[PDB]
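Chemist: Supplied structure: start27.cif, mmCIF, C-alpha atoms.
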data_coords
#
loop_
_atom_site.label_atom_id
_atom_site.label_comp_id
_atom_site.auth_asym_id
_atom_site.auth_seq_id
_atom_site.Cartn_x
_atom_site.Cartn_y
_atom_site.Cartn_z
CA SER A 1 0.00 0.00 0.00
CA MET A 2 2.78 2.41 -0.96
CA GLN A 3 2.41 4.18 -4.30
CA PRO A 4 2.78 7.71 -5.73
CA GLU A 5 -0.70 9.15 -5.25
CA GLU A 6 0.05 12.65 -3.95
CA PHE A 7 -1.31 14.40 -7.04
CA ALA A 8 -4.51 12.34 -6.92
CA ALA A 9 -8.07 13.66 -6.93
CA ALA A 10 -9.00 14.59 -10.50
CA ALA A 11 -11.17 17.28 -8.91
CA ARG A 12 -13.61 16.63 -11.75
CA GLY A 13 -13.73 18.98 -14.73
CA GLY A 14 -16.41 21.41 -13.61
CA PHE A 15 -18.21 20.46 -16.81
CA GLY A 16 -21.35 21.79 -15.14
CA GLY A 17 -23.49 18.81 -16.08
CA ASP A 18 -23.15 15.48 -14.28
CA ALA A 19 -26.72 15.99 -13.05
CA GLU A 20 -26.57 12.38 -11.85
CA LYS A 21 -23.02 12.37 -10.48
CA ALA A 22 -23.24 15.73 -8.71
CA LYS A 23 -26.45 14.34 -7.22
CA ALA A 24 -24.62 12.01 -4.84
CA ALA A 25 -20.99 12.85 -5.61
CA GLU A 26 -21.39 16.44 -4.43
CA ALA A 27 -23.97 15.66 -1.74
CA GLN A 28 -21.27 13.49 -0.17
CA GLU A 29 -19.04 16.48 0.57
CA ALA A 30 -21.97 18.90 0.83
CA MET A 31 -23.34 17.32 4.00
CA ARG A 32 -19.86 17.17 5.54
CA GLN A 33 -19.32 20.88 4.91
CA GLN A 34 -22.88 21.63 6.02
CA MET A 35 -21.82 20.30 9.42
CA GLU A 36 -24.18 18.71 11.95
CA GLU A 37 -24.04 14.96 11.32
CA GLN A 38 -22.96 11.75 13.07
CA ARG A 39 -20.27 11.56 10.39
CA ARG A 40 -18.29 14.51 11.75
CA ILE A 41 -19.88 14.29 15.20
CA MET A 42 -17.86 11.10 15.62
CA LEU A 43 -15.14 10.92 12.97
CA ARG A 44 -14.35 14.64 13.00
CA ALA A 45 -14.77 14.45 16.77
CA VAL A 46 -11.85 12.09 17.37
CA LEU A 47 -9.96 13.17 14.25
CA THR A 48 -6.89 15.29 14.96
CA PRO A 49 -7.59 17.74 12.10
CA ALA A 50 -10.70 19.88 11.63
CA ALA A 51 -9.28 22.12 14.36
CA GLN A 52 -8.07 24.97 12.16
CA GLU A 53 -11.68 25.36 11.00
CA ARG A 54 -13.14 26.39 14.36
CA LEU A 55 -9.79 27.86 15.41
CA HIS A 56 -9.74 30.34 12.53
CA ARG A 57 -13.49 31.01 12.60
CA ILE A 58 -13.84 31.42 16.36
CA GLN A 59 -10.68 33.52 16.21
CA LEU A 60 -12.20 36.05 13.82
CA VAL A 61 -14.96 36.74 16.34
CA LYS A 62 -13.13 36.15 19.62
CA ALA A 63 -9.45 36.96 19.08
CA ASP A 64 -8.66 36.12 22.71
CA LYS A 65 -10.20 32.68 22.21
CA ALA A 66 -7.56 32.21 19.51
CA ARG A 67 -4.37 33.61 21.04
CA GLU A 68 -5.30 31.59 24.13
CA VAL A 69 -5.78 28.40 22.10
CA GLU A 70 -2.54 28.83 20.15
CA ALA A 71 -0.58 29.24 23.39
CA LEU A 72 -1.51 25.82 24.78
CA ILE A 73 -1.33 23.92 21.49
CA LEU A 74 2.29 25.10 21.34
CA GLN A 75 3.08 22.58 24.07
CA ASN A 76 0.02 20.32 23.88
CA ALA A 77 0.43 19.43 20.21
CA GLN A 78 4.22 19.49 20.50
CA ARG A 79 3.96 16.96 23.32
CA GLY A 80 1.52 14.76 21.43
CA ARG A 81 -2.23 15.34 21.25
CA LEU A 82 -4.50 12.65 22.69
CA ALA A 83 -4.75 10.89 19.33
CA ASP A 84 -5.04 7.65 21.30
CA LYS A 85 -7.64 8.39 23.98
CA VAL A 86 -9.62 11.20 22.34
CA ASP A 87 -9.12 14.31 20.22
CA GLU A 88 -7.67 17.16 22.28
CA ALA A 89 -9.32 19.88 20.20
CA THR A 90 -12.82 18.79 21.20
CA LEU A 91 -11.58 18.72 24.80
CA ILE A 92 -10.00 22.18 24.79
CA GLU A 93 -12.93 23.58 22.80
CA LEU A 94 -15.38 21.97 25.22
CA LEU A 95 -13.65 23.15 28.40
CA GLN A 96 -12.81 26.59 27.01
CA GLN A 97 -16.37 27.09 25.77
CA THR A 98 -17.57 26.91 29.38
CA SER A 99 -14.34 27.40 31.32
CA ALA A 100 -16.27 29.80 33.56
CA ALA A 101 -19.85 29.01 32.55
CA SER A 102 -19.46 25.82 34.59
CA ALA A 103 -16.32 23.68 34.33
CA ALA A 104 -15.19 21.40 37.16
CA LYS A 105 -17.01 18.18 38.05
CA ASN A 106 -19.33 18.79 41.00
CA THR A 107 -20.63 22.36 41.16
CA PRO A 108 -19.39 25.69 39.75
CA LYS A 109 -19.26 27.59 43.05
CA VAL A 110 -17.07 25.68 45.51
CA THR A 111 -15.15 23.25 43.30
CA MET A 112 -11.93 24.95 44.41
CA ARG A 113 -10.58 25.99 41.01
CA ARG A 114 -12.47 24.20 38.24
CA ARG A 115 -10.57 21.63 36.19
CA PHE A 116 -8.91 22.27 32.83
CA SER A 117 -7.33 20.65 29.77
CA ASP A 118 -5.58 17.67 31.35
CA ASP A 119 -3.54 17.16 28.18
CA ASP A 120 -1.83 20.43 29.10
CA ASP A 121 0.08 18.43 31.72
CA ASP A 122 1.22 15.89 29.13
CA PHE A 123 -1.22 13.59 30.91
#
Could I get this structure in the form of structure tokens?
Modeler:
Amino acid sequence: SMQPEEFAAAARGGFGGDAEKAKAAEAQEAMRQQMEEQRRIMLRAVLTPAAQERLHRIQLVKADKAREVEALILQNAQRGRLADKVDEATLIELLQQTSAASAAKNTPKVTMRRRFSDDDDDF
């Protein structure tokens, strides 16, 4: 399973027709891009990639949410994301989304410093 296939993907010819092909062919990627689907909800969930998407987007709106996410990844990713247990992105994006809104694992009021991205501690 080792062959020169870097320049693969004919990317079609934008003929414009393919009324039948584009029907399912396009729909395949369409849904994915449309977001909201078990496909990405699971695959894209554990997948390492798909981070730049939300990273760039969320960044545009909340710059802080970006500069703060690029600071950790510097060591997190460099150390080795949780590609074994579970995607780190979904973890950092899930804990950061409600770092103050709730966080911790008992009650956001007397948890004594809510928890945080465990991966940050290379663990």
Chemist: Do a neighbour search on residue 70 of chain A at 12 Å with all atoms listed in the file, toss out local chain neighbours closer than 3 positions, and write the hits as a PDB file with C-alpha atoms, in the coordinates of the input.
Modeler:
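Below is the file that was written, part_8.pdb:
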ATOM      1  CA  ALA A  51      -9.280  22.120  14.360  1.00  0.00           C
ATOM      2  CA  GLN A  52      -8.070  24.970  12.160  1.00  0.00           C
ATOM      3  CA  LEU A  55      -9.790  27.860  15.410  1.00  0.00           C
ATOM      4  CA  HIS A  56      -9.740  30.340  12.530  1.00  0.00           C
ATOM      5  CA  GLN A  59     -10.680  33.520  16.210  1.00  0.00           C
ATOM      6  CA  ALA A  63      -9.450  36.960  19.080  1.00  0.00           C
ATOM      7  CA  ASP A  64      -8.660  36.120  22.710  1.00  0.00           C
ATOM      8  CA  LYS A  65     -10.200  32.680  22.210  1.00  0.00           C
ATOM      9  CA  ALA A  66      -7.560  32.210  19.510  1.00  0.00           C
ATOM     10  CA  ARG A  67      -4.370  33.610  21.040  1.00  0.00           C
ATOM     11  CA  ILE A  73      -1.330  23.920  21.490  1.00  0.00           C
ATOM     12  CA  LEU A  74       2.290  25.100  21.340  1.00  0.00           C
ATOM     13  CA  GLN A  75       3.080  22.580  24.070  1.00  0.00           C
ATOM     14  CA  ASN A  76       0.020  20.320  23.880  1.00  0.00           C
ATOM     15  CA  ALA A  77       0.430  19.430  20.210  1.00  0.00           C
ATOM     16  CA  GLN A  78       4.220  19.490  20.500  1.00  0.00           C
ATOM     17  CA  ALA A  89      -9.320  19.880  20.200  1.00  0.00           C
ATOM     18  CA  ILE A  92     -10.000  22.180  24.790  1.00  0.00           C
ATOM     19  CA  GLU A  93     -12.930  23.580  22.800  1.00  0.00           C
TER      20      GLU A  93
END
Chemist: What is the atom CA of residue 58 of chain A-atom CA of residue 25 of chain A distance in Å, reported with one decimal?
Modeler: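 Between these atoms lies a distance of 29.6 Å.
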Chemist: May I ask which of the residues A:68, A:46, A:96, A:57 is the closest one to residue 83 of chain A, counting only C-alpha atoms?
Modeler: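 Answer, going by the shortest atom-to-atom distance: A:46.
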Chemist: Take atom CA of residue 39 of chain A and atom CA of residue 90 of chain A and report the distance between them in Å, one decimal.
Modeler: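 A separation of 15.0 Å between them.
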Chemist: Can you work out the spacing between atom CA of residue 32 of chain A and atom CA of residue 11 of chain A in Å, to one decimal?
Modeler: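 That distance, rounded to one decimal, is 16.9 Å.
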Chemist: For the provided coordinates, the residues matched by the PyMOL selection byres ((chain A and resi 123) around 10) should be stated as number ranges by chain.
Modeler: A: 76, 79-82, 117-122
Chemist: For the file shown, what are the residues hit by the PyMOL selection byres ((chain A and resi 115) around 10), laid out as a ChimeraX atom specification?
Modeler: /A:95,99,102-105,111-114,116-118
Chemist: How would the residues just chosen look if you wrote them out with C-alpha atoms as a JSON list (two decimals), in the frame of the given file?
Modeler:
[["chain", "number", "residue", "atom", "x", "y", "z"],
["A", 95, "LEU", "CA", -13.65, 23.15, 28.40],
["A", 99, "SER", "CA", -14.34, 27.40, 31.32],
["A", 102, "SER", "CA", -19.46, 25.82, 34.59],
["A", 103, "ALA", "CA", -16.32, 23.68, 34.33],
["A", 104, "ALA", "CA", -15.19, 21.40, 37.16],
["A", 105, "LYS", "CA", -17.01, 18.18, 38.05],
["A", 111, "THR", "CA", -15.15, 23.25, 43.30],
["A", 112, "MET", "CA", -11.93, 24.95, 44.41],
["A", 113, "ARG", "CA", -10.58, 25.99, 41.01],
["A", 114, "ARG", "CA", -12.47, 24.20, 38.24],
["A", 116, "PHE", "CA", -8.91, 22.27, 32.83],
["A", 117, "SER", "CA", -7.33, 20.65, 29.77],
["A", 118, "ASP", "CA", -5.58, 17.67, 31.35]]
Chemist: Each side padded by 4 Å, which centre and which edge lengths in Å (one decimal) define the axis-aligned box around the listed atoms of segment 103-107 of chain A? Give them as JSON.
Modeler:
{"center_x": -17.9, "center_y": 20.9, "center_z": 37.7, "size_x": 13.4, "size_y": 13.5, "size_z": 14.8}
Chemist: Find the residue from A:94, A:19, A:86, A:30 that sits nearest to residue 47 of chain A; use all atoms listed in the file when measuring.
Modeler: A:86
Chemist: Pull out segment 58-84 of chain A, keep N, CA and C atoms, and write it as a compact mmCIF listing (two decimals), in the first residue's frame.
Modeler:
# COMPACT_ATOMS: atom_id res chain seq x y z
N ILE A 58 -13.68 30.89 15.01
CA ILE A 58 -13.84 31.42 16.36
C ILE A 58 -12.88 32.57 16.63
N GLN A 59 -11.69 32.48 16.04
CA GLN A 59 -10.68 33.52 16.21
C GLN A 59 -11.17 34.86 15.67
N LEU A 60 -11.70 34.84 14.45
CA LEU A 60 -12.20 36.05 13.82
C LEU A 60 -13.10 36.83 14.77
N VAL A 61 -14.04 36.12 15.40
CA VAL A 61 -14.96 36.74 16.34
C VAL A 61 -14.27 37.05 17.67
N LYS A 62 -13.81 36.00 18.34
CA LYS A 62 -13.13 36.15 19.62
C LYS A 62 -11.62 35.94 19.47
N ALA A 63 -10.89 37.03 19.25
CA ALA A 63 -9.45 36.96 19.08
C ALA A 63 -8.79 36.28 20.29
N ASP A 64 -9.21 36.69 21.48
CA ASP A 64 -8.66 36.12 22.71
C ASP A 64 -8.79 34.60 22.71
N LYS A 65 -9.94 34.11 22.26
CA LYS A 65 -10.20 32.68 22.21
C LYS A 65 -9.20 31.98 21.29
N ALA A 66 -8.54 32.76 20.44
CA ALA A 66 -7.56 32.21 19.51
C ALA A 66 -6.16 32.25 20.11
N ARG A 67 -5.70 33.44 20.46
CA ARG A 67 -4.37 33.61 21.04
C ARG A 67 -4.21 32.73 22.28
N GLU A 68 -5.33 32.42 22.93
CA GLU A 68 -5.30 31.59 24.13
C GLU A 68 -5.27 30.11 23.76
N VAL A 69 -5.76 29.78 22.57
CA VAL A 69 -5.78 28.40 22.10
C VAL A 69 -4.48 28.04 21.40
N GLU A 70 -3.80 29.05 20.85
CA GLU A 70 -2.54 28.83 20.15
C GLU A 70 -1.38 28.76 21.14
N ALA A 71 -1.61 29.25 22.35
CA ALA A 71 -0.58 29.24 23.39
C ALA A 71 -0.41 27.84 23.98
N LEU A 72 -1.53 27.16 24.21
CA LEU A 72 -1.51 25.82 24.78
C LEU A 72 -1.05 24.80 23.74
N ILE A 73 -1.67 24.84 22.56
CA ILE A 73 -1.33 23.92 21.49
C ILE A 73 0.18 23.88 21.26
N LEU A 74 0.84 25.01 21.51
CA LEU A 74 2.29 25.10 21.34
C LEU A 74 3.00 23.97 22.08
N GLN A 75 2.50 23.64 23.26
CA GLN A 75 3.08 22.58 24.07
C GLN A 75 2.25 21.30 23.98
N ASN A 76 0.93 21.46 23.96
CA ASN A 76 0.02 20.32 23.88
C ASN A 76 0.31 19.49 22.64
N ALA A 77 0.18 20.11 21.47
CA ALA A 77 0.43 19.43 20.21
C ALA A 77 1.88 18.96 20.11
N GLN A 78 2.80 19.82 20.54
CA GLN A 78 4.22 19.49 20.50
C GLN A 78 4.52 18.26 21.34
N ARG A 79 3.77 18.10 22.43
CA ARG A 79 3.96 16.96 23.32
C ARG A 79 3.31 15.70 22.74
N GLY A 80 2.21 15.88 22.02
CA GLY A 80 1.52 14.76 21.43
C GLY A 80 0.05 14.71 21.81
N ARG A 81 -0.80 15.31 20.99
CA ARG A 81 -2.23 15.34 21.25
C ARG A 81 -2.74 13.95 21.64
N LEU A 82 -3.91 13.91 22.27
CA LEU A 82 -4.50 12.65 22.69
C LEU A 82 -5.12 11.91 21.51
N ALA A 83 -4.29 11.60 20.52
CA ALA A 83 -4.75 10.89 19.33
C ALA A 83 -5.11 9.45 19.66
N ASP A 84 -4.76 9.01 20.86
CA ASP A 84 -5.04 7.65 21.30
C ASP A 84 -6.36 7.59 22.07
